């Protein structure tokens, strides 16, 4: 199964260098007829091809980047890398590694993407507060409950409920930037009212930049 896996820091200071690596599994870079590439997607925008590399080490770059981009390939480790120097806020984006077979009809295989934020602000882990179910959050035989994930930087956080067993009716809202410069979001879920006594509801919050892992039980 082809998998393209991005790794690298999620926060880069302005004027510093953005570095990412793609680890390829399910196929070999060495001897292949593919272009191994990076494509980015800034917030609220479309897809921008950055550059590509052949297994020989030959590279091709988007002139938009003004020679700021270097690609390299490590055929021994079956990885290829992106280096973007002198970044600023316009370089904040989701970065995908990708591959395309050579020729006019070649299509792209994609990685899952990784957010890189360009900012001088420091990392900060979130506080997690319950949004407790109560009579004030019950409609019919349905109760709403959730978790408030407050004051973190940078994005993203991930929220699961009951280790992924609870997915129906989960709404994890897009983060909002507060005046303080920190992000905040809530994740909510609706459940049967009658279940609140027997079922324990836990929101699993992860904020990797701060190594924050929180399992918060949400009680009535």
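Residue numbers count along the first chain shown, from 1.
- Of the two stretches examined, 210 to 218 and 3 to 11, the record assigns the greater average C-alpha temperature factor to 210 to 218.
- As listed in the deposited structure, the average C-alpha B-factor of 109 to 117 and of 138 to 146 is greater for 138 to 146.
- Looking at 30, 184, 195, 41, the one whose CA carries the top B-factor in the deposited record is 195.
- Comparing C-alpha B-factors across 178, 64, 172, 48 in the deposited entry, the largest value falls on 178.
- Annotation for residue 164: C-alpha temperature factor in the highest third relative to the rest of the modelled chain, per the entry.
- Annotation for residue 202: C-alpha temperature factor in the highest third relative to the rest of the modelled chain, per the entry.
- The entry lists a Cα temperature factor for residue 99 that places it in the lowest third of the chain's modelled residues.
- In the PDB entry, residue 79 places in the lowest third of its chain by CA B-factor.
- Residue 72 sits in the lowest third of its chain by CA B factor, as recorded in the PDB entry.
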